[PDB]
Amino acid sequence: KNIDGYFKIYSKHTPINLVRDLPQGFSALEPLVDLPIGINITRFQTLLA
Amino acid sequence: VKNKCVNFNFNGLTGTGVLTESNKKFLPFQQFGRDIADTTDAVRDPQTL
Amino acid sequence: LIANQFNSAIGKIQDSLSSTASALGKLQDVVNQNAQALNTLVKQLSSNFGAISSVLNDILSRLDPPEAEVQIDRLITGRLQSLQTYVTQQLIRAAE
Ligand SMILES: *[C@@H]1O[C@H](CO)[C@@H](O[C@@H]2O[C@H](CO)[C@@H](O)[C@H](O)[C@H]2NC(C)=O)[C@H](O)[C@H]1NC(C)=O
């Protein structure tokens with residue numbers, strides 16, 4: 001999430017064994033890092049090995 | 001100073017109270033605790049975590 | 001015969017009280033309404049009341065009196081009504 005000119009990142013690494021889709025459950029997400037770029041970000045892509 | 005009515009200023013927070021070492025276990029990111037009524041009760045010491 | 005009816009009657013009181021709490025509701029409400037009324041009172045402290053900060057020490061710390069007055073005077077008016085409304089709540093409830 002990017003807000004007030006700041007780009008925040010949260011994370012979680014729960015282990016799963018249900019390979020089909022998202023498991024039911026409730027894991028909180030901690031703030032991993034905050035880093036202040038402040039950009040007109042409107043598009044998005046991922047990078048795959 | 002611990003266990004004593006001392007006026008304290010933490011990270012520019014300010015206020016007066018009696019500072020005692022606490023058993024509650026903060027998560028790594030968290031810095032300032034709070035109460036049910038949203039009153040500062042726990043503060044994490046900057047110089048020594 | 002009367003004794004046995006009376007003794008069994010008292011026994012029935014235990015079970016109704018022992019198992020079901022709904023009978024004792026009326027006493028609980030006085031605790032709930034009162035204890036709740038305090039929470040509203042305490043929570044009001046964390047309200048800005050149209051001022052820069054709800055925390056009084058913050059306003060004292062950052063800005064000096066001549067302009068700090070306008071900030072504090074808003075907090076007092078805000079809290080004072082909150083206190084007044086809480087007491088007027090209690091006086092009404094106390095009569096009841
Ligand atoms: C960030 O850049 C985008 C361009 O992709 C701006 O979006 C345009 O805004 C104008 C308004 O003046 C619209 O007429 C365009 O249609 C918008 N583009 C799209 C693709 O819809 C956007 O306004 C910029 N951010 C800010 C804060 O100005």
# chains A, B, ... in the order shown; residues from 1 in each chain; ligands from 1
>>> interface_residues(of="chain B", to="chain A", cutoff="10 Å", atoms="only C-alpha atoms", output="JSON, numbers by chain")
{"B": [27, 28, 29, 30]}
>>> write_last_selection(atoms="N, CA, C and O atoms", output="PDB file, in the first residue's frame")
ATOM      1  N   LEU B  27       6.138  -6.974  19.926  1.00  0.00           N
ATOM      2  CA  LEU B  27       6.604  -7.443  18.636  1.00  0.00           C
ATOM      3  C   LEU B  27       7.703  -6.510  18.133  1.00  0.00           C
ATOM      4  O   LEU B  27       7.771  -5.348  18.537  1.00  0.00           O
ATOM      5  N   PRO B  28       8.581  -7.000  17.255  1.00  0.00           N
ATOM      6  CA  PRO B  28       9.778  -6.217  16.909  1.00  0.00           C
ATOM      7  C   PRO B  28       9.490  -4.826  16.382  1.00  0.00           C
ATOM      8  O   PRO B  28      10.226  -3.886  16.699  1.00  0.00           O
ATOM      9  N   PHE B  29       8.445  -4.661  15.579  1.00  0.00           N
ATOM     10  CA  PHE B  29       8.182  -3.349  15.003  1.00  0.00           C
ATOM     11  C   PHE B  29       7.591  -2.392  16.028  1.00  0.00           C
ATOM     12  O   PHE B  29       7.888  -1.192  16.000  1.00  0.00           O
ATOM     13  N   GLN B  30       6.750  -2.894  16.931  1.00  0.00           N
ATOM     14  CA  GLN B  30       5.987  -2.011  17.804  1.00  0.00           C
ATOM     15  C   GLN B  30       6.905  -1.182  18.685  1.00  0.00           C
ATOM     16  O   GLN B  30       7.956  -1.645  19.130  1.00  0.00           O
TER      17      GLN B  30
END
>>> residues_near_ligand(ligand="ligand 1", cutoff="8 Å", atoms="only C-alpha atoms and all ligand atoms", output="compact mmCIF listing (two decimals) with N, CA, C and O atoms, in the first residue's frame")
# COMPACT_ATOMS: atom_id res chain seq x y z
N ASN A 40 3.59 8.76 -8.57
CA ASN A 40 2.32 8.56 -9.25
C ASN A 40 2.29 7.13 -9.79
O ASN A 40 2.32 6.86 -10.99
N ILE A 41 2.24 6.19 -8.85
CA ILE A 41 2.19 4.77 -9.18
C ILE A 41 0.75 4.41 -9.53
O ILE A 41 -0.16 4.62 -8.73
N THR A 42 0.53 3.91 -10.74
CA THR A 42 -0.79 3.52 -11.19
C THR A 42 -0.80 2.18 -11.90
O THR A 42 -1.88 1.68 -12.22
>>> closest_atom_pairs(of="chain C", to="chain B", cutoff="12 Å", atoms="only C-alpha atoms", output="tab-separated table")
residue	atom	partner	partner_atom	distance
C:38	CA	B:37	CA	10.4
C:39	CA	B:37	CA	7.5
C:40	CA	B:37	CA	9.4
C:41	CA	B:37	CA	9.9
C:42	CA	B:37	CA	6.5
C:43	CA	B:37	CA	5.9
C:44	CA	B:37	CA	9.4
C:45	CA	B:37	CA	8.9
C:46	CA	B:38	CA	7.4
C:47	CA	B:38	CA	11.0
C:54	CA	B:39	CA	11.3
C:55	CA	B:39	CA	9.7
C:56	CA	B:15	CA	10.0
C:57	CA	B:15	CA	7.0
C:58	CA	B:14	CA	8.0
C:59	CA	B:14	CA	11.3
C:60	CA	B:14	CA	10.4
C:61	CA	B:14	CA	8.3
C:62	CA	B:12	CA	10.2
>>> write_last_selection(atoms="N, CA, C and O atoms", output="CSV table (one decimal), in the first residue's frame")
chain,number,residue,atom,x,y,z
C,38,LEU,N,-18.6,5.2,32.4
C,38,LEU,CA,-17.2,5.6,32.6
C,38,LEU,C,-16.4,5.5,31.3
C,38,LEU,O,-15.7,6.4,31.0
C,39,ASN,N,-16.6,4.4,30.6
C,39,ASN,CA,-15.8,4.2,29.4
C,39,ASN,C,-16.1,5.3,28.4
C,39,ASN,O,-15.1,5.8,27.8
C,40,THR,N,-17.3,5.7,28.2
C,40,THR,CA,-17.6,6.9,27.4
C,40,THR,C,-16.9,8.1,28.0
C,40,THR,O,-16.3,8.9,27.2
C,41,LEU,N,-16.9,8.3,29.3
C,41,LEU,CA,-16.2,9.5,29.9
C,41,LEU,C,-14.7,9.4,29.6
C,41,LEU,O,-14.1,10.4,29.2
C,42,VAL,N,-14.1,8.3,29.8
C,42,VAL,CA,-12.6,8.2,29.6
C,42,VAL,C,-12.3,8.3,28.1
C,42,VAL,O,-11.3,9.0,27.8
C,43,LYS,N,-13.1,7.7,27.3
C,43,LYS,CA,-12.7,7.8,25.8
C,43,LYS,C,-12.8,9.2,25.3
C,43,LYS,O,-12.1,9.6,24.4
C,44,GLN,N,-13.6,10.1,25.9
C,44,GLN,CA,-13.7,11.5,25.5
C,44,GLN,C,-12.3,12.2,25.6
C,44,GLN,O,-12.1,13.1,24.8
C,45,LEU,N,-11.5,11.8,26.5
C,45,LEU,CA,-10.2,12.4,26.5
C,45,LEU,C,-9.4,12.3,25.2
C,45,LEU,O,-8.7,13.3,24.9
C,46,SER,N,-9.6,11.2,24.5
C,46,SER,CA,-8.9,11.1,23.2
C,46,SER,C,-9.6,11.7,22.1
C,46,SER,O,-9.4,11.3,20.9
C,47,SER,N,-10.4,12.8,22.3
C,47,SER,CA,-11.1,13.5,21.3
C,47,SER,C,-10.5,14.9,21.1
C,47,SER,O,-10.3,15.6,22.1
C,54,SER,N,-5.2,15.9,21.0
C,54,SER,CA,-6.0,15.6,22.1
C,54,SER,C,-5.1,15.5,23.4
C,54,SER,O,-5.6,15.8,24.5
C,55,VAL,N,-3.8,15.2,23.3
C,55,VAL,CA,-3.0,15.1,24.4
C,55,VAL,C,-2.6,16.4,24.9
C,55,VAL,O,-2.0,17.3,24.1
C,56,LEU,N,-2.9,16.7,26.2
C,56,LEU,CA,-2.6,18.1,26.7
C,56,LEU,C,-1.1,18.4,26.7
C,56,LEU,O,-0.7,19.5,26.3
C,57,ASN,N,-0.3,17.4,27.1
C,57,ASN,CA,1.1,17.7,27.2
C,57,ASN,C,1.7,18.0,25.9
C,57,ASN,O,2.7,18.8,25.8
C,58,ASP,N,1.2,17.4,24.8
C,58,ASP,CA,1.7,17.8,23.5
C,58,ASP,C,1.5,19.2,23.2
C,58,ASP,O,2.4,19.9,22.8
C,59,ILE,N,0.3,19.7,23.4
C,59,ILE,CA,0.0,21.2,23.2
C,59,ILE,C,0.9,22.0,24.0
C,59,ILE,O,1.4,23.1,23.6
C,60,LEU,N,1.1,21.6,25.3
C,60,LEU,CA,2.0,22.4,26.1
C,60,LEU,C,3.4,22.4,25.6
C,60,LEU,O,4.1,23.4,25.6
C,61,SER,N,3.8,21.2,25.0
C,61,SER,CA,5.2,21.1,24.7
C,61,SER,C,5.6,21.8,23.4
C,61,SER,O,6.6,22.5,23.3
C,62,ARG,N,4.7,21.7,22.4
C,62,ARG,CA,5.2,22.2,21.1
C,62,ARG,C,5.0,23.7,20.9
C,62,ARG,O,5.9,24.4,20.4
>>> residues_around(residues="residue 6 of chain B", least_positions_apart="2", cutoff="7 Å", atoms="only C-alpha atoms", output="JSON, numbers by chain")
{"B": [4, 8, 16, 17, 18]}
>>> select_by_dssp(residues="chain A", states="strand (DSSP E or B)", output="PyMOL selection string")
chain A and resi 2-3+6-11+30-35
>>> residues_around(residues="residue 44 of chain B", least_positions_apart="3", cutoff="7 Å", atoms="only C-alpha atoms", output="ChimeraX atom specification")
/B:31-32,49
>>> residues_around(residues="residue 8 of chain A", least_positions_apart="4", cutoff="6 Å", atoms="only C-alpha atoms", output="PyMOL selection string")
chain A and resi 1-2+34
>>> write_last_selection(atoms="C-alpha atoms", output="PDB file, in the first residue's frame")
ATOM      1  CA  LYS A   1       0.000   0.000   0.000  1.00  0.00           C
ATOM      2  CA  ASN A   2       1.290   3.444  -0.929  1.00  0.00           C
ATOM      3  CA  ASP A  34       8.656   1.474   5.086  1.00  0.00           C
TER       4      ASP A  34
END
>>> atom_distance(atom1="atom CA of residue 35 of chain B", atom2="atom CA of residue 32 of chain C")
20.1 Å
